[PDB]
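First comes the structure, then the notes that go with it.
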Amino acid sequence: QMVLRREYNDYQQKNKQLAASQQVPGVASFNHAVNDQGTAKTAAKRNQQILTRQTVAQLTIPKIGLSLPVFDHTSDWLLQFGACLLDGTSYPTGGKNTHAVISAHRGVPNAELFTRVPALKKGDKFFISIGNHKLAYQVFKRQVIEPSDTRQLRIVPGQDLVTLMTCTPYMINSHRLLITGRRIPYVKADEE
């Protein structure tokens, strides 16, 4: 109630700061996790207290049967358990001049994660639960970028966007697939 209030308004204030600054989206951290994952020989140990403390939202995608925690920052450890907001991009709170880049592995041995995200098409919906709020997004854009390209990961002025980012091609991962949704109203019909 007042915790999902206080938390949410800190996210919005950080989003306003980010929107007022020259952002360089932290692709380098995500890219380092992709490279470390390619050569990794060991699985991650769960620490649930840390995972809960790091959880800023739940991402739900009904078309692919996906529900994942969304974490506050980027580490190969967090990416074993969910998706990470790319450092230098918006908290997914909604509002104009927000662009949350939610990034995950296209599968790790332990967990499907964003394995089925590349099957998403224009018109497909996804949902964000964050503090005292449910947000609806509709997919309108699919693009492949170079892993170093940050242009498409910046805040688009006057737009309310969430991009789902993973790797492509499958089992090569030289590139990033961006699936971008735009805010739409959340309605009674979306709960059920």
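Residues are named by chain letter and number: chains run A, B, ... in the order of the structure tokens, numbers start at 1 in each chain, and ligands are numbered from 1 in the order shown.
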Shell around stretch 40-48 of chain A at 8 Å using only C-alpha atoms, local window under 6 positions removed, as a ChimeraX atom specification: /A:77,80,110
Pull the closest atom pair for each residue of stretch 99-151 of chain A that gets at most 7 Å from stretch 59-66 of chain A, along with the distance in Å to one decimal, counting only C-alpha atoms, ordering rows by chain and then ascending residue number, as JSON lines.
{"residue": "A:116", "atom": "CA", "partner": "A:64", "partner_atom": "CA", "distance": 6.2}
{"residue": "A:125", "atom": "CA", "partner": "A:61", "partner_atom": "CA", "distance": 6.8}
{"residue": "A:126", "atom": "CA", "partner": "A:61", "partner_atom": "CA", "distance": 4.7}
{"residue": "A:127", "atom": "CA", "partner": "A:60", "partner_atom": "CA", "distance": 5.1}
{"residue": "A:128", "atom": "CA", "partner": "A:59", "partner_atom": "CA", "distance": 4.9}
{"residue": "A:129", "atom": "CA", "partner": "A:59", "partner_atom": "CA", "distance": 6.8}
List the spatial neighbours of stretch 1-15 of chain A as a PDB file with N, CA, C and O atoms, in the first residue's frame - criterion: any atom at most 12 Å away, only C-alpha atoms, same-chain residues fewer than 5 positions off excluded.
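Contents of the output file selection.pdb:
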ATOM      1  N   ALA A  20      15.932  13.773 -17.956  1.00  0.00           N
ATOM      2  CA  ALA A  20      16.508  15.138 -17.923  1.00  0.00           C
ATOM      3  C   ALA A  20      18.014  15.077 -18.209  1.00  0.00           C
ATOM      4  O   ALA A  20      18.630  16.137 -18.223  1.00  0.00           O
ATOM      5  N   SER A  21      18.572  13.891 -18.471  1.00  0.00           N
ATOM      6  CA  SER A  21      20.035  13.667 -18.619  1.00  0.00           C
ATOM      7  C   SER A  21      20.351  13.073 -19.998  1.00  0.00           C
ATOM      8  O   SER A  21      19.432  12.603 -20.658  1.00  0.00           O
ATOM      9  N   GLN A  23      21.508  10.072 -21.426  1.00  0.00           N
ATOM     10  CA  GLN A  23      21.604   8.620 -21.107  1.00  0.00           C
ATOM     11  C   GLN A  23      22.561   7.924 -22.086  1.00  0.00           C
ATOM     12  O   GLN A  23      22.483   8.198 -23.286  1.00  0.00           O
ATOM     13  N   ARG A  53      14.483  -8.393  -2.704  1.00  0.00           N
ATOM     14  CA  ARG A  53      14.938  -6.987  -2.526  1.00  0.00           C
ATOM     15  C   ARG A  53      15.230  -6.340  -3.893  1.00  0.00           C
ATOM     16  O   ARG A  53      15.028  -5.131  -3.993  1.00  0.00           O
ATOM     17  N   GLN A  54      15.687  -7.094  -4.904  1.00  0.00           N
ATOM     18  CA  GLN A  54      16.107  -6.550  -6.225  1.00  0.00           C
ATOM     19  C   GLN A  54      14.912  -6.461  -7.181  1.00  0.00           C
ATOM     20  O   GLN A  54      15.085  -5.862  -8.291  1.00  0.00           O
ATOM     21  N   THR A  55      13.769  -7.062  -6.822  1.00  0.00           N
ATOM     22  CA  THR A  55      12.600  -7.224  -7.741  1.00  0.00           C
ATOM     23  C   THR A  55      11.832  -5.905  -7.787  1.00  0.00           C
ATOM     24  O   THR A  55      11.340  -5.468  -6.729  1.00  0.00           O
ATOM     25  N   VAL A  56      11.747  -5.259  -8.947  1.00  0.00           N
ATOM     26  CA  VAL A  56      11.002  -3.965  -9.050  1.00  0.00           C
ATOM     27  C   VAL A  56       9.623  -4.203  -9.691  1.00  0.00           C
ATOM     28  O   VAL A  56       8.753  -3.327  -9.562  1.00  0.00           O
ATOM     29  N   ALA A  57       9.428  -5.310 -10.402  1.00  0.00           N
ATOM     30  CA  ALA A  57       8.178  -5.552 -11.159  1.00  0.00           C
ATOM     31  C   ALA A  57       8.047  -7.025 -11.531  1.00  0.00           C
ATOM     32  O   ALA A  57       9.037  -7.779 -11.434  1.00  0.00           O
ATOM     33  N   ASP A  72      16.187  -4.715 -10.752  1.00  0.00           N
ATOM     34  CA  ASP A  72      16.540  -3.278 -10.675  1.00  0.00           C
ATOM     35  C   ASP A  72      17.842  -2.999 -11.437  1.00  0.00           C
ATOM     36  O   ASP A  72      18.106  -1.819 -11.752  1.00  0.00           O
ATOM     37  N   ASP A  87      20.702  -0.898 -17.129  1.00  0.00           N
ATOM     38  CA  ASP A  87      21.264   0.308 -16.469  1.00  0.00           C
ATOM     39  C   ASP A  87      21.206   1.453 -17.477  1.00  0.00           C
ATOM     40  O   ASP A  87      21.528   1.214 -18.661  1.00  0.00           O
ATOM     41  N   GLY A  88      20.743   2.621 -17.033  1.00  0.00           N
ATOM     42  CA  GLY A  88      20.580   3.829 -17.867  1.00  0.00           C
ATOM     43  C   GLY A  88      19.256   3.895 -18.610  1.00  0.00           C
ATOM     44  O   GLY A  88      19.074   4.872 -19.324  1.00  0.00           O
ATOM     45  N   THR A  89      18.349   2.921 -18.443  1.00  0.00           N
ATOM     46  CA  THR A  89      16.986   2.960 -19.036  1.00  0.00           C
ATOM     47  C   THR A  89      15.931   3.058 -17.910  1.00  0.00           C
ATOM     48  O   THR A  89      16.253   2.807 -16.744  1.00  0.00           O
ATOM     49  N   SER A  90      14.719   3.489 -18.247  1.00  0.00           N
ATOM     50  CA  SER A  90      13.613   3.769 -17.297  1.00  0.00           C
ATOM     51  C   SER A  90      13.246   2.515 -16.495  1.00  0.00           C
ATOM     52  O   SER A  90      13.251   1.411 -17.054  1.00  0.00           O
ATOM     53  N   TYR A  91      12.950   2.696 -15.214  1.00  0.00           N
ATOM     54  CA  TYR A  91      12.012   1.831 -14.457  1.00  0.00           C
ATOM     55  C   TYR A  91      10.707   1.773 -15.241  1.00  0.00           C
ATOM     56  O   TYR A  91      10.282   2.790 -15.797  1.00  0.00           O
ATOM     57  N   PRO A  92      10.067   0.583 -15.352  1.00  0.00           N
ATOM     58  CA  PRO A  92       8.846   0.421 -16.130  1.00  0.00           C
ATOM     59  C   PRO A  92       7.625   0.817 -15.290  1.00  0.00           C
ATOM     60  O   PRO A  92       6.875  -0.051 -14.884  1.00  0.00           O
ATOM     61  N   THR A  93       7.471   2.120 -15.057  1.00  0.00           N
ATOM     62  CA  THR A  93       6.438   2.733 -14.188  1.00  0.00           C
ATOM     63  C   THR A  93       5.299   3.267 -15.059  1.00  0.00           C
ATOM     64  O   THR A  93       4.237   3.570 -14.502  1.00  0.00           O
ATOM     65  N   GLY A  94       5.531   3.365 -16.369  1.00  0.00           N
ATOM     66  CA  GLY A  94       4.670   4.078 -17.324  1.00  0.00           C
ATOM     67  C   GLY A  94       4.897   5.573 -17.243  1.00  0.00           C
ATOM     68  O   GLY A  94       5.649   6.004 -16.360  1.00  0.00           O
ATOM     69  N   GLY A  95       4.256   6.333 -18.130  1.00  0.00           N
ATOM     70  CA  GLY A  95       4.467   7.786 -18.296  1.00  0.00           C
ATOM     71  C   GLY A  95       5.215   8.090 -19.584  1.00  0.00           C
ATOM     72  O   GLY A  95       6.036   7.241 -20.041  1.00  0.00           O
ATOM     73  N   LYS A  96       4.940   9.254 -20.159  1.00  0.00           N
ATOM     74  CA  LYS A  96       5.709   9.833 -21.289  1.00  0.00           C
ATOM     75  C   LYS A  96       7.200  10.037 -20.831  1.00  0.00           C
ATOM     76  O   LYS A  96       7.457  10.254 -19.634  1.00  0.00           O
ATOM     77  N   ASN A  97       8.088   9.894 -21.839  1.00  0.00           N
ATOM     78  CA  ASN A  97       9.565  10.031 -21.696  1.00  0.00           C
ATOM     79  C   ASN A  97      10.078   8.920 -20.787  1.00  0.00           C
ATOM     80  O   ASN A  97      11.074   9.177 -20.055  1.00  0.00           O
ATOM     81  N   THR A  98       9.423   7.750 -20.833  1.00  0.00           N
ATOM     82  CA  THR A  98       9.946   6.485 -20.249  1.00  0.00           C
ATOM     83  C   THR A  98      10.179   5.464 -21.368  1.00  0.00           C
ATOM     84  O   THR A  98       9.385   5.383 -22.320  1.00  0.00           O
ATOM     85  N   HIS A  99      11.278   4.734 -21.262  1.00  0.00           N
ATOM     86  CA  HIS A  99      11.632   3.614 -22.162  1.00  0.00           C
ATOM     87  C   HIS A  99      12.467   2.635 -21.351  1.00  0.00           C
ATOM     88  O   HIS A  99      13.696   2.833 -21.288  1.00  0.00           O
ATOM     89  N   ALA A 100      11.787   1.693 -20.706  1.00  0.00           N
ATOM     90  CA  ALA A 100      12.379   0.564 -19.959  1.00  0.00           C
ATOM     91  C   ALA A 100      12.851  -0.471 -20.976  1.00  0.00           C
ATOM     92  O   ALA A 100      12.062  -0.835 -21.874  1.00  0.00           O
ATOM     93  N   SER A 129       3.376  -5.475 -13.583  1.00  0.00           N
ATOM     94  CA  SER A 129       2.903  -5.178 -12.206  1.00  0.00           C
ATOM     95  C   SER A 129       4.075  -4.512 -11.480  1.00  0.00           C
ATOM     96  O   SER A 129       5.149  -5.136 -11.451  1.00  0.00           O
ATOM     97  N   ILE A 130       3.899  -3.289 -10.976  1.00  0.00           N
ATOM     98  CA  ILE A 130       5.007  -2.504 -10.351  1.00  0.00           C
ATOM     99  C   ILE A 130       4.403  -1.586  -9.294  1.00  0.00           C
ATOM    100  O   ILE A 130       3.538  -0.758  -9.639  1.00  0.00           O
ATOM    101  N   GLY A 131       4.821  -1.772  -8.043  1.00  0.00           N
ATOM    102  CA  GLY A 131       4.202  -1.145  -6.860  1.00  0.00           C
ATOM    103  C   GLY A 131       2.697  -1.349  -6.839  1.00  0.00           C
ATOM    104  O   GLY A 131       2.258  -2.514  -6.819  1.00  0.00           O
ATOM    105  N   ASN A 132       1.942  -0.245  -6.825  1.00  0.00           N
ATOM    106  CA  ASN A 132       0.457  -0.209  -6.782  1.00  0.00           C
ATOM    107  C   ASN A 132      -0.055   0.159  -8.179  1.00  0.00           C
ATOM    108  O   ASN A 132      -0.686   1.229  -8.310  1.00  0.00           O
ATOM    109  N   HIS A 133       0.228  -0.675  -9.183  1.00  0.00           N
ATOM    110  CA  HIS A 133      -0.030  -0.362 -10.611  1.00  0.00           C
ATOM    111  C   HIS A 133       0.082  -1.617 -11.489  1.00  0.00           C
ATOM    112  O   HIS A 133       1.034  -2.423 -11.304  1.00  0.00           O
ATOM    113  N   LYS A 134      -0.862  -1.762 -12.423  1.00  0.00           N
ATOM    114  CA  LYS A 134      -0.791  -2.729 -13.547  1.00  0.00           C
ATOM    115  C   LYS A 134      -0.797  -1.938 -14.857  1.00  0.00           C
ATOM    116  O   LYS A 134      -1.676  -1.071 -15.015  1.00  0.00           O
ATOM    117  N   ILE A 155      15.506   6.881 -24.514  1.00  0.00           N
ATOM    118  CA  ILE A 155      14.143   7.427 -24.281  1.00  0.00           C
ATOM    119  C   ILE A 155      13.687   8.147 -25.556  1.00  0.00           C
ATOM    120  O   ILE A 155      14.425   9.000 -26.022  1.00  0.00           O
ATOM    121  N   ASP A 160       5.691   6.349 -24.317  1.00  0.00           N
ATOM    122  CA  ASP A 160       5.702   5.460 -23.127  1.00  0.00           C
ATOM    123  C   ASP A 160       5.959   4.039 -23.649  1.00  0.00           C
ATOM    124  O   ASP A 160       4.996   3.399 -24.141  1.00  0.00           O
TER     125      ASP A 160
END
Which residues come within 12 Å of residue A:108, counting only C-alpha atoms, excluding same-chain residues fewer than 2 positions away, as an mmCIF file with N, CA and C atoms, in the first residue's frame?
data_model
loop_
_atom_site.group_PDB
_atom_site.id
_atom_site.type_symbol
_atom_site.label_atom_id
_atom_site.label_comp_id
_atom_site.auth_asym_id
_atom_site.auth_seq_id
_atom_site.Cartn_x
_atom_site.Cartn_y
_atom_site.Cartn_z
ATOM 1 N N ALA A 33 27.577 -10.167 -19.538
ATOM 2 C CA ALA A 33 26.759 -11.315 -19.064
ATOM 3 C C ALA A 33 26.491 -12.334 -20.190
ATOM 4 N N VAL A 34 26.180 -11.890 -21.398
ATOM 5 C CA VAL A 34 25.957 -12.805 -22.570
ATOM 6 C C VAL A 34 27.261 -13.566 -22.841
ATOM 7 N N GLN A 37 27.997 -15.969 -19.961
ATOM 8 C CA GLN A 37 27.017 -17.090 -20.044
ATOM 9 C C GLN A 37 27.486 -18.102 -21.104
ATOM 10 N N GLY A 38 27.965 -17.651 -22.270
ATOM 11 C CA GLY A 38 28.418 -18.534 -23.363
ATOM 12 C C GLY A 38 29.481 -19.523 -22.909
ATOM 13 N N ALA A 40 30.185 -20.154 -19.458
ATOM 14 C CA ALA A 40 29.924 -20.586 -18.052
ATOM 15 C C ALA A 40 29.822 -22.123 -17.936
ATOM 16 N N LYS A 41 30.391 -22.704 -16.874
ATOM 17 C CA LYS A 41 30.379 -24.170 -16.611
ATOM 18 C C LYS A 41 29.558 -24.492 -15.348
ATOM 19 N N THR A 42 29.153 -23.487 -14.556
ATOM 20 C CA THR A 42 28.502 -23.683 -13.229
ATOM 21 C C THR A 42 27.149 -22.972 -13.197
ATOM 22 N N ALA A 43 26.185 -23.517 -12.458
ATOM 23 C CA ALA A 43 24.844 -22.914 -12.245
ATOM 24 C C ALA A 43 24.920 -21.938 -11.068
ATOM 25 N N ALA A 44 23.966 -21.032 -10.960
ATOM 26 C CA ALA A 44 23.873 -20.034 -9.870
ATOM 27 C C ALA A 44 23.184 -20.658 -8.653
ATOM 28 N N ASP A 76 25.026 -11.268 -14.324
ATOM 29 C CA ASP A 76 24.799 -12.621 -14.886
ATOM 30 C C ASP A 76 24.039 -13.454 -13.835
ATOM 31 N N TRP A 77 24.252 -13.179 -12.545
ATOM 32 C CA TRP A 77 23.574 -13.908 -11.438
ATOM 33 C C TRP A 77 22.053 -13.659 -11.480
ATOM 34 N N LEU A 78 21.620 -12.389 -11.509
ATOM 35 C CA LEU A 78 20.193 -12.000 -11.590
ATOM 36 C C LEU A 78 19.563 -12.588 -12.866
ATOM 37 N N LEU A 79 20.287 -12.583 -13.980
ATOM 38 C CA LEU A 79 19.793 -13.068 -15.295
ATOM 39 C C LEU A 79 19.603 -14.597 -15.313
ATOM 40 N N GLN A 80 20.022 -15.315 -14.271
ATOM 41 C CA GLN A 80 19.698 -16.758 -14.127
ATOM 42 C C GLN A 80 18.249 -16.904 -13.630
ATOM 43 N N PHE A 81 17.654 -15.858 -13.052
ATOM 44 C CA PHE A 81 16.395 -15.983 -12.277
ATOM 45 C C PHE A 81 15.271 -15.147 -12.877
ATOM 46 N N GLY A 82 15.564 -14.305 -13.860
ATOM 47 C CA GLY A 82 14.580 -13.348 -14.369
ATOM 48 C C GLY A 82 15.207 -12.440 -15.391
ATOM 49 N N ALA A 83 14.559 -11.307 -15.610
ATOM 50 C CA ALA A 83 14.967 -10.261 -16.556
ATOM 51 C C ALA A 83 15.471 -9.064 -15.755
ATOM 52 N N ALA A 104 16.795 -10.244 -20.982
ATOM 53 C CA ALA A 104 16.960 -11.604 -20.430
ATOM 54 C C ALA A 104 17.636 -12.500 -21.463
ATOM 55 N N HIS A 105 18.282 -13.538 -20.961
ATOM 56 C CA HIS A 105 18.835 -14.655 -21.753
ATOM 57 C C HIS A 105 17.725 -15.292 -22.558
ATOM 58 N N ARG A 106 18.067 -15.681 -23.776
ATOM 59 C CA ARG A 106 17.187 -16.527 -24.585
ATOM 60 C C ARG A 106 17.313 -17.953 -24.033
ATOM 61 N N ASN A 110 18.755 -23.897 -16.843
ATOM 62 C CA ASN A 110 17.827 -23.953 -15.682
ATOM 63 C C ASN A 110 16.424 -23.386 -15.992
ATOM 64 N N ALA A 111 16.252 -22.499 -16.979
ATOM 65 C CA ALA A 111 15.050 -21.630 -17.051
ATOM 66 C C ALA A 111 14.855 -21.062 -18.458
ATOM 67 N N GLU A 112 13.608 -21.053 -18.925
ATOM 68 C CA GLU A 112 13.272 -20.647 -20.315
ATOM 69 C C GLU A 112 13.501 -19.143 -20.493
ATOM 70 N N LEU A 113 13.190 -18.334 -19.473
ATOM 71 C CA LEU A 113 13.406 -16.858 -19.515
ATOM 72 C C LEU A 113 12.790 -16.319 -20.821
ATOM 73 N N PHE A 114 13.567 -15.707 -21.727
ATOM 74 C CA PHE A 114 13.081 -15.065 -22.978
ATOM 75 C C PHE A 114 13.239 -16.005 -24.181
ATOM 76 N N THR A 115 13.342 -17.317 -23.945
ATOM 77 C CA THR A 115 13.297 -18.367 -25.001
ATOM 78 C C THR A 115 12.171 -18.117 -26.028
ATOM 79 N N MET A 171 21.311 -19.614 -30.598
ATOM 80 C CA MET A 171 22.561 -20.364 -30.291
ATOM 81 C C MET A 171 23.784 -19.730 -30.977
#
Give the strand (DSSP E) residues of stretch 53-186 of chain A, as DSSP finds them on the backbone, and put them as a PyMOL selection string. chain A and resi 55-61+66-71+83-85+98-103+125-129+134-145+160-168+175-184
Selection near residue A:122, 7 Å with only C-alpha atoms, sequence-local residues under 6 positions removed, as a list in words: residues 139, 140 and 141 of chain A
One decimal, Å: what's the distance from atom CA of residue A:175 over to atom CA of residue A:109, could you say? 20.3 Å
What parts of stretch 11-192 of chain A does DSSP call alpha helix (DSSP H)? I'd like the answer as an MDAnalysis selection string. chainID A and resid 11:19 27:39 48:54 188:191
What is the distance between atom CA of residue A:27 and atom CA of residue A:149, in Å to one decimal?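 Spanning atom CA of residue A:27 to atom CA of residue A:149 is a straight-line distance of 8.2 Å.
If only C-alpha atoms are the atoms counted, then among A:70, A:51, A:179, A:19 the closest residue to residue A:119 is A:179.
With distances taken over only C-alpha atoms, A:84 is the one residue among A:159, A:191, A:84, A:172 lying closest to residue A:58.
The space between atom CA of residue A:164 and atom CA of residue A:120 spans 10.1 Å.
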